[PDB]
Each structure stands twice: as structure tokens, then as C-alpha cells.
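First comes the structure, then the notes that go with it.
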Amino acid sequence: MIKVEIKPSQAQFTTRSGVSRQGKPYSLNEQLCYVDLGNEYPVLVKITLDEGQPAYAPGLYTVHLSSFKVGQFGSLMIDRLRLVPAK
């Protein structure tokens with residue numbers, strides 16, 4: 001479990017439907033690169049939704065280390081480029 005600090009500056013959240021788009025069944029809601037853990041201020045870490053997750057909480061959120069399928073995919077890639085767990 002890792003923590004992120006998705007600031008409200010770009011914390012837009014659009015509820016995703018079952019099928020928002022034939023290509024992408026769920027809408028994307030990415031914010032910025034923020035993590036509550038690192039050298040000091042939010043390090044550069046995005047909680048890439050990757051349509052596998054919705055936007056959650058503005059300001060502060062947590063990007064699970066297991067914020068991706070492990071073993072089932074083998075990679076934390078499912079929709080697009082994803083960042084490894086912050087630490």
C-alpha cells in the first residue's frame with residue numbers, strides 16, 4: 001500500500017459507466033504526479049487510473065502497491081503506462 005497526494009488542481013472525477021466507449025469501457029480520470037512518501041514533498045508518482053480504477057479522493061488518495069493485477073498479467077500494465085509503487 002502506497003499513498004498518493006492527487007491535488008485538487010487536476011482532481012477531476014467523472015463517474016465511469018459500464019461502457020463509456022467501445023474502445024475504453026471506462027472513462028479515464030488521471031490527476032498528477034503525487035505521492036505521500038519520498039524525499040519530502042510529493043514525489044513524481046501518478047495514480048494512473050488506466051480505466052481499471054476511478055478517481056477517488058482529491059487532495060489525498062492512496063495508490064495501492066497492488067494497484068494492479070500481479071501474476072495475472074505479470075506486469076502493472078493494463079491500459080497504458082503505469083508507474084511502479086512509490087517507495
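Ordering of the C-alpha cells sets the chain letters (A, B, ...), residue numbers begin anew at 1 in every chain, and ligands are numbered from 1 in the order given.
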Tell me which protein, DNA and RNA residues are within 12 Å of residue 16 (chain A), counting only C-alpha atoms, leaving out same-chain ones fewer than 5 positions away, and put them as a CSV table (one decimal) with C-alpha atoms, in the first residue's frame.
```csv
chain,number,residue,atom,x,y,z
A,21,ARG,CA,-16.6,3.9,-25.1
A,24,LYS,CA,-12.4,2.1,-23.5
A,25,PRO,CA,-15.2,0.8,-21.4
A,26,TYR,CA,-14.4,3.1,-18.6
A,27,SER,CA,-13.5,6.8,-18.7
A,28,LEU,CA,-10.1,7.9,-17.6
A,29,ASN,CA,-9.5,10.3,-14.8
A,49,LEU,CA,-6.3,5.1,-13.4
A,51,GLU,CA,-9.5,2.6,-16.7
A,52,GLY,CA,-9.0,-0.1,-14.1
A,53,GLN,CA,-9.9,2.4,-11.4
A,54,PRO,CA,-11.8,5.6,-11.0
A,55,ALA,CA,-10.7,8.8,-9.4
A,56,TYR,CA,-11.0,8.5,-5.7
```
Spatial neighbours of region 31-46 of chain A, 10 Å, only C-alpha atoms, chain gap at least 6 places, as a short mmCIF file (atom, residue, chain, number, x, y, z; two decimals) with N, CA and C atoms, in the first residue's frame:
```
data_model
loop_
_atom_site.label_atom_id
_atom_site.label_comp_id
_atom_site.auth_asym_id
_atom_site.auth_seq_id
_atom_site.Cartn_x
_atom_site.Cartn_y
_atom_site.Cartn_z
N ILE A 2 0.64 2.10 -1.01
CA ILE A 2 1.41 3.31 -1.12
C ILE A 2 0.41 4.43 -1.01
N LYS A 3 0.88 5.67 -0.78
CA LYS A 3 -0.04 6.77 -0.65
C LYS A 3 0.25 7.78 -1.73
N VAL A 4 -0.81 8.46 -2.22
CA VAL A 4 -0.63 9.46 -3.25
C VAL A 4 -1.29 10.72 -2.78
N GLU A 5 -0.93 11.86 -3.39
CA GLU A 5 -1.49 13.11 -2.96
C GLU A 5 -2.00 13.81 -4.18
N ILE A 6 -3.01 13.21 -4.84
CA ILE A 6 -3.53 13.81 -6.04
C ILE A 6 -4.21 15.11 -5.68
N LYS A 7 -3.54 16.24 -6.02
CA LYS A 7 -4.06 17.54 -5.67
C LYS A 7 -5.32 17.81 -6.45
N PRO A 8 -6.17 18.63 -5.86
CA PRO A 8 -7.44 19.02 -6.46
C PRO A 8 -7.28 19.88 -7.67
N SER A 9 -6.03 20.32 -7.91
CA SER A 9 -5.74 21.18 -9.03
C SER A 9 -6.19 20.51 -10.29
N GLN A 10 -5.98 19.19 -10.40
CA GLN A 10 -6.40 18.49 -11.58
C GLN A 10 -7.18 17.29 -11.15
N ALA A 11 -7.84 17.37 -9.96
CA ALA A 11 -8.60 16.25 -9.48
C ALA A 11 -9.97 16.32 -10.05
N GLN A 12 -10.10 15.97 -11.34
CA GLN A 12 -11.38 15.96 -11.97
C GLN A 12 -11.85 14.54 -11.86
N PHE A 13 -13.14 14.34 -11.56
CA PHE A 13 -13.63 13.00 -11.43
C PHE A 13 -14.93 12.91 -12.16
N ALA A 55 -11.35 7.86 -10.28
CA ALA A 55 -10.70 8.84 -9.45
C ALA A 55 -11.28 8.62 -8.08
N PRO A 58 -9.79 13.72 -3.89
CA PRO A 58 -8.98 14.86 -4.22
C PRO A 58 -8.14 15.28 -3.06
N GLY A 59 -6.91 15.70 -3.34
CA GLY A 59 -6.02 16.12 -2.31
C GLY A 59 -5.19 14.94 -1.92
N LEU A 60 -5.82 13.95 -1.24
CA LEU A 60 -5.07 12.81 -0.77
C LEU A 60 -5.77 11.55 -1.17
N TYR A 61 -4.98 10.56 -1.63
CA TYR A 61 -5.52 9.28 -2.02
C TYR A 61 -4.41 8.28 -1.76
N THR A 62 -4.62 6.99 -2.02
CA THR A 62 -3.54 6.07 -1.82
C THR A 62 -3.46 5.22 -3.05
N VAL A 63 -2.23 5.00 -3.57
CA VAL A 63 -2.08 4.18 -4.73
C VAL A 63 -1.55 2.90 -4.19
N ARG A 82 2.04 2.62 -16.61
CA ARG A 82 1.73 2.78 -15.22
C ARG A 82 3.04 2.86 -14.49
N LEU A 83 3.02 3.53 -13.32
CA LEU A 83 4.22 3.69 -12.55
C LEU A 83 4.25 2.64 -11.48
N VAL A 84 5.48 2.20 -11.13
CA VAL A 84 5.64 1.19 -10.11
C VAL A 84 5.33 1.84 -8.78
N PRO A 85 4.99 1.03 -7.80
CA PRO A 85 4.65 1.52 -6.47
C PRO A 85 5.68 2.44 -5.90
N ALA A 86 5.22 3.57 -5.32
CA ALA A 86 6.11 4.55 -4.76
C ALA A 86 6.70 3.99 -3.49
N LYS A 87 7.97 4.35 -3.20
CA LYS A 87 8.61 3.87 -2.00
C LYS A 87 9.93 4.64 -1.83
#
```
### Query
CA of residue 81 (chain A) to CA of residue 47 (chain A): how many Å, to one decimal?
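Computing the Euclidean distance for CA of residue 81 (chain A) and CA of residue 47 (chain A) yields 10.8 Å.
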